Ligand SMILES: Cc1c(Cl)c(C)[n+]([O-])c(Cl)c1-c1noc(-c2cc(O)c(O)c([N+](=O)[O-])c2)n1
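Listed next as structure tokens is one chain, alone, in the form solved without Opicapone (DNI).
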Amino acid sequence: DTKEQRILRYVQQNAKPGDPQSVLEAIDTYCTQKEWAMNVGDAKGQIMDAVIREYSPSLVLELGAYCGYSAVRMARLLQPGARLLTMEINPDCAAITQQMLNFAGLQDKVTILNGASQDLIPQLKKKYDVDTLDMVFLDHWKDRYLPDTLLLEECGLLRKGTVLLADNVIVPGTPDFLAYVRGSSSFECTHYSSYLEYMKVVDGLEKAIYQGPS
């Protein structure tokens, strides 16, 4: 069975229920013991944490859930009443993420949406009563970063000050998304280097703050 399910089992077998930190450490510990790169890791975690704290978003959209590590990371730093929406293309991953959130005790703060972001995103306003997003974390298929950013604008889901945080923009790389947010006055960009201690390589995140229709 899948890596994500083995991650879930290890957490459920060892972590402390209702303790987000216990859950994150268990996930990290296991993924290192397995030498699986597919994890966000804790140094990227810090940069996510810093962004979540800085802009204290009331509504966050996450693209890609996987085993739910990033959902747990962000949801634990959401202020009372703030909410997270998470899109995930693989039903099992979505199921695992639900369970991961459950174990962390954070399920009340998150809504998991099943499907392709391209199909789900245009439904956010009508079907999920979204006005606009405060933050968007991009961590799904690298070839969807740019199309979904464009799609979010078209759907009027971004406002002035909406924070896009994009992970893995160097490794494996999203050069198209970078060229667009850095090249357009619609965004203000900050780059964050982040060493991957297992790939032995320098990855990065990009923070792009929407400026409005520009």
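Residue positions are given as counts along the sequence shown, with the first one as 1.
Just so it is clear, the following notes concern the form deposited with Opicapone (DNI) bound, a form of the same protein that is not shown.
Under a 4.5 angstroms non-hydrogen atom cutoff, Opicapone (DNI) in the entry with it bound lacks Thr149 among its neighbouring residues. In the entry with it bound, none of the heavy atoms of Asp19 sits within 4.5 Å of a heavy atom of Opicapone (DNI). Put simply, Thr162 is far from Opicapone (DNI) in the entry with it bound: not one heavy atom of it is within 4.5 Å. Contact between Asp139 and Opicapone (DNI) in the entry with it bound is found at the 4.5 Å heavy atom cutoff.
The stretch among 139-147, 124-132, 76-84, 103-111 whose residues place heavy atoms within 4.5 Å of Opicapone (DNI) in the entry with it bound is 139-147. With the partner removed from view, the residue among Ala50, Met38, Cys189, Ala43 that has a non-hydrogen atom within 4.5 Å of Opicapone (DNI) in the entry with it bound turns out to be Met38.
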